[PDB]
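>>> Model the following, please.
(chains A and B, ligands or ions: 2)
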Amino acid sequence: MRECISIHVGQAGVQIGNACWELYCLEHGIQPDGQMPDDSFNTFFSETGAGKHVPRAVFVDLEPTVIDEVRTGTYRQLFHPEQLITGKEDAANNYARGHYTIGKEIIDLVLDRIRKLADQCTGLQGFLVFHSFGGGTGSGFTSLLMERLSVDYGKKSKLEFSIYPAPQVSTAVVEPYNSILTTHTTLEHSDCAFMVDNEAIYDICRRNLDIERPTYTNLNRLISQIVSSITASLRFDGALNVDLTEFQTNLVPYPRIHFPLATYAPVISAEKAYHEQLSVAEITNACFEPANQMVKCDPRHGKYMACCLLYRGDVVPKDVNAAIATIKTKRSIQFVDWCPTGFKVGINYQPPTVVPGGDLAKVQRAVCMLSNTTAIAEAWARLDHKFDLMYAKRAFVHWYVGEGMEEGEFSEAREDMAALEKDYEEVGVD
Amino acid sequence: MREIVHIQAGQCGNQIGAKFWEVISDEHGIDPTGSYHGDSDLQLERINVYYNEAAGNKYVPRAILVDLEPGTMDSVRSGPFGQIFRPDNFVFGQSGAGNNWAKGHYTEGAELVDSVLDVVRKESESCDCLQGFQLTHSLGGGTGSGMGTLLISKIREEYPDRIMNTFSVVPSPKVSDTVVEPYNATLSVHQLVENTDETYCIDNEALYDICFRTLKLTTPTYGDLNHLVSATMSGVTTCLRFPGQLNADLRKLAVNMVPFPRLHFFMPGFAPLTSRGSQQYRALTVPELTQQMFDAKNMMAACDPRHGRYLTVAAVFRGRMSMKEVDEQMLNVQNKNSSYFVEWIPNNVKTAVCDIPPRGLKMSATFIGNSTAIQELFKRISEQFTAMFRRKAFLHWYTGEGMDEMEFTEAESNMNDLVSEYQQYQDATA
Ligand SMILES: Nc1nc2c(ncn2[C@@H]2O[C@H](COP(=O)(O)OP(=O)(O)OP(=O)(O)O)[C@@H](O)[C@H]2O)c(=O)[nH]1
Ligand SMILES: Nc1nc2c(ncn2[C@@H]2O[C@H](COP(=O)(O)OP(=O)(O)O)[C@@H](O)[C@H]2O)c(=O)[nH]1
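Numbers count the residues shown, from 1 in each chain, chains lettered A, B, ... in the order given. Ligands and ions are numbered 1, 2, ... in the order given. Take a look at the structure below.
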C-alpha cells in the first residue's frame, strides 16, 4: 500500500541520507528507538507488530567508515544491521572500479537485500537513490544499480537526488569524467533527477547562513532540508498533493531533459531569527533570486516551462494567488510556446522543521519551487569545458583503461552530452 | 582500505623508515612498548592504517626489513624505537653485496625475495582489508636499489589489484660511495616507471645544499638529512595517518595525482624550514607558509619548479588556523602564478587542513605536486649514464655475470620517451 524504497550510496550520499532521515524522524516526531508518541509515514517507514518503525531505505558503500559511524551513532534501535551493507575494496573516485571492477562483485548481494525488503512492498511506486557525480562509488555503483533495476522492473519509477560537485569542496580532479559517465549511463534510465551544486550551498552557508566557513555538517543539513521539502508531498497529505508518478508527468516533458532545477527558500540564522520573517510575496520573490538555488546558474538566460511550488507552512491560498500574480509580472520570465501552461500549486499546512542546534532557525513559512529551463545548461557548459580540456590530452584516462575499458565510451558519452546540451540550446532557440 | 603494509629497502631506507616510525609514534601517543598513551582520539581513530593490534593492548608497526649487509639491521636495532618493530621482520642476507648490484641480485637475492614473499603473504592473507604497499628505498647503492626493484616487481605481479607506492633516495654527484650509480638508477627506473604508481623522489644533493646553507649544517651526515626527510614524509603521509576527506586512501591519492600512466613522479615540499634540535623557530603567519611552496630550497628535489607547470597539486596544513584565510591565500597565489600550472586541468590544487601539528611545531605546510620539473632528474641521470657509457667505463663489472646491454638500451630508450612525454605535456597548450 503506497510503499516506497530509498537507496544510499557513496560517503556523501549516505551522509546526506542519514541527515535527511534524521530530519524526517524529527518531522514525524520519531524517537531514535522508533516510538510513536497522516499515515503517509508508512510510505517511507515500515512498522512491525511491536510498534518499532524502520525506514524503508538502505545505506550501502564500498567502504564501511561512514556506515561504521552510522552503526555507532545515535540510532541503534532504529536501523537493522542488514540494510547497512559495507564492501571491502574502494572505487577511489573511479567510475570503472565502482561499476565493473568492484561494483558487480557486491551488487548481487545488494539486490538480495533489496528484494527481501521489497518482499512486503505491495503498493511500490518507485525507487529513490542519493549519489554525487564526483563520488567514484556513487558514480559506478549508482549506474550499475540503476541499470540493474531498470532491467529487473522497468516501468517502476527511479528518481534521483544527485549532488553536483564544486571545486572548493572537490576532492578528485577526475570528477567531471565521473559526471559525464553517470549522466550518459543514467540518462536513458533516470526518469527525473535533481542536482546539488555545492558552490551554491557553499555561498549560501557563507552569506545567507552568516557562517565564516561552510562545513559538511551544515551544508548536508540544508541539503536534507531541501530533500525533505521535496519529499513532503509523499510523506504528508494536504489539499494539494503531488506523487512520484505525477512528479514525473509534470516535471519531465522531454525524456532526455529530466533535470528539473528546483529551489528552496527561505534560510535564516538563529541569531537573526529576532527579525520579522519574510512574507509570502517576499519569499516568493526571493525564490528566483540568482543566488537562491542549488546551482550557480544564470536564470536571466533561461526559457521557462512550467512553475511548480511547494508551500509547507502558514500560507493561505489567497497569498499563493497574489504571489503568483505578482511573479507573472516579472521581466526575467520567458516561456515556451509548446507548454502554454506555466503554474502548478501545492500547499501544505504542516510547519517546517529543522535539526536542533543547527544554524538554520525555525520559520513558519517555506517554499520549494520547482523549475526547469535552459539556465541549467550553464553547469553543463562548465563540465563540458572541463571534460573537453582534459579528454583532449587524454588525462587520467589510463586509470579507466586499466579496468577493462577503452576511450570509445568516453568519446561517445562526450557526444551524448553534446547532443543533450545542443537540445537545451535548440529548445532555447526561438 | 583501513591498513597499509610498510616495506623497507637498503640501509638509508631502513633508517628513514625507523625515523618515520618513531616520529609518527610520538605524534600518535604510542609508547616504546606499543600501548597508546595520548589524549587525542584522532590518533587512535585509524591507527590501523600504519599499526596492528598486538598482544594485550600493544600496537605493532606493519613493516618489513629487507637488506643484504648485516650491519643495516643491527643499526636499525640500535636506533630508538627499534624494538617496537616486529621481531621476525628482519630479513637480511648473510654476506652483503655492498653497493654491488651484480652479486646481490642473483647470489643473495633469490632466497631473500622468496622469504619476503612468504612473509608478505603471511600478513596479506591474514590481513583483513589490504589495499596497497608503500616503500622507502634508495637508489645510489646498487644493492638496496636491487632489493627495492625485486620486491616491488614481485609484489606488483602477485598483487596486480593492489596500489603500488615507493619512495626513492635519488643518488647525487656531491657524495658517491660507488660510481655504478647510473646503471642501478637506469635499471631501477626502467622497472618502476611501470611497476610503481607513486614515487616521492628525495634528491640527496638538495638535502646537502639546504643543510649547508638554509639549515647551517656545515657537515650533513646521515642523521642530519634523515631528520628533515622524516619530518617531510610524516607531513606528506599526514593525509593518510589521520582522518580527512581529501586523499582518503592510497588509491584515491593515485587517481587524483596521477594523470598519465608514467606521470607518477612527485615534487615533495614542506614548510617552514626546520632542523634537528633548533628550537629557536617561532610562530609563523599562514601567508608565509603559502608563499613558501614556490621556493626551490624548501623543496626536496633540486629542480626549477618555475620552469615546470604543476599538472596536479596536493597540500596539507597542520595546526589550528582559520583556513578560510588559507584558501583565500591559495586563490591569490593561483591568480598570481597561473602561468606555473596547466589550464586544461581544472582545479588541480587540492588542499585540506590537519588539526594536530607535527612535533616541535604549531603550524606547518606540506606540498606535493606533479609537473615536468621532475624531468631534470631524468636528464641528469641520462647525461651521467651517457658520460659513463660512451667509453663503456665500469661496464666490465656488470658484464662479469654475462648479461648484455640490450636491456640497458631498452631502459635508456624508455626513459628518453618519458622525458619527451614530460616536455610535450609542458609545451601543451589549452
Ligand atoms: N553534498 C555533499 N557533497 C560532499 C560531501 N562530502 C564530500 N562531497 C563531495 O562528494 C564527492 C565524493 O562523493 P562520495 O559519494 O562521498 O564518494 P564515493 O561515491 O563513496 O566514491 P569514493 O570517494 O571514491 O569512495 C567529493 O569529491 C566531494 O566533492 C558532503 O558532505 N555533502
Ligand atoms: N639522504 C640520505 N642519503 C643517504 C643516507 N645513507 C646513504 N645515502 C645515500 O645513498 C648512497 C649509497 O647507497 P647505500 O645506502 O649505501 O645503498 P645500500 O647499501 O644498498 O643500501 C650514497 O650516495 C648516499 O648519498 C642517509 O642516511 N640519508
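>>> What does residue A:370 show for phi and psi?
Geometry field for residue A:370 lists phi and psi as phi -110, psi 130, criterion degrees, to the nearest 10.
>>> Share the number of residues neighbouring it, please.
21 (other Cβ atoms under 10 Å in any protein chain shown). To be clear about C-beta, it is placed using only N, CA and C from the backbone, and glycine gets the same treatment.
>>> cool, and residue A:341?
Residue A:341 is flanked by 10 other residues according to other Cβ under 10 Å.
>>> Quick check: it touching residue A:306?
Yes - using Cβ atoms under 8 Å, residue A:341 is in contact with residue A:306, at 5.7 Å.
>>> my read: residue A:267 touches residue A:360, true?
Yes - the criterion here is Cβ under 8 Å, and residue A:267 meets it with residue A:360 at 5.7 Å.
>>> which residues are in contact with both of the two?
Shared contacts of residue A:267 and residue A:360, defined by Cβ atoms under 8 Å, 6 or more residues apart in numbering or on different chains, comprise A:209, A:222.
>>> Tell me where the chain has strands.
Picking chain A for this. A:5-8, A:45-47, A:53-55, A:59-61, A:84-86, A:126-132, A:157-163, A:192-194, A:307-308, A:311-312, A:343-344, A:347-348 (DSSP state E).
>>> Can you look at chain B instead?
Ranges of strands within chain B are B:5-8, B:51-53, B:59-61, B:65-67, B:90-92, B:132-138, B:163-164, B:167-170, B:202-203, B:267-271, B:312-318, B:349-354, B:364-370, based on DSSP E.
>>> Using a markdown table, lay out the strands of chain A together with distance to residue B:3.
Below are the strands of chain A laid out as a markdown table (distance: least, Cβ to Cβ, whole Å):
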| stretch | distance to residue B:3 |
| --- | --- |
| strand A:5-8 | 26 |
| strand A:45-47 | 37 |
| strand A:53-55 | 33 |
| strand A:59-61 | 18 |
| strand A:84-86 | 15 |
| strand A:126-132 | 26 |
| strand A:157-163 | 29 |
| strand A:192-194 | 37 |
| strand A:307-308 | 50 |
| strand A:311-312 | 47 |
| strand A:343-344 | 53 |
| strand A:347-348 | 49 |
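>>> Can you add distance to chain B and mean neighbour count and give the ones you listed back as JSON lines?
Below are these laid out as JSON lines (distance: least, Cβ to the nearest Cβ, whole Å; neighbours: other Cβ atoms under 10 Å in any protein chain shown):
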{"stretch": "strand A:5-8", "distance to chain B": "18", "mean neighbour count": "24"}
{"stretch": "strand A:45-47", "distance to chain B": "31", "mean neighbour count": "18"}
{"stretch": "strand A:53-55", "distance to chain B": "26", "mean neighbour count": "21"}
{"stretch": "strand A:59-61", "distance to chain B": "11", "mean neighbour count": "26"}
{"stretch": "strand A:84-86", "distance to chain B": "10", "mean neighbour count": "18"}
{"stretch": "strand A:126-132", "distance to chain B": "12", "mean neighbour count": "26"}
{"stretch": "strand A:157-163", "distance to chain B": "14", "mean neighbour count": "23"}
{"stretch": "strand A:192-194", "distance to chain B": "23", "mean neighbour count": "20"}
{"stretch": "strand A:307-308", "distance to chain B": "33", "mean neighbour count": "21"}
{"stretch": "strand A:311-312", "distance to chain B": "32", "mean neighbour count": "26"}
{"stretch": "strand A:343-344", "distance to chain B": "37", "mean neighbour count": "14"}
{"stretch": "strand A:347-348", "distance to chain B": "35", "mean neighbour count": "20"}
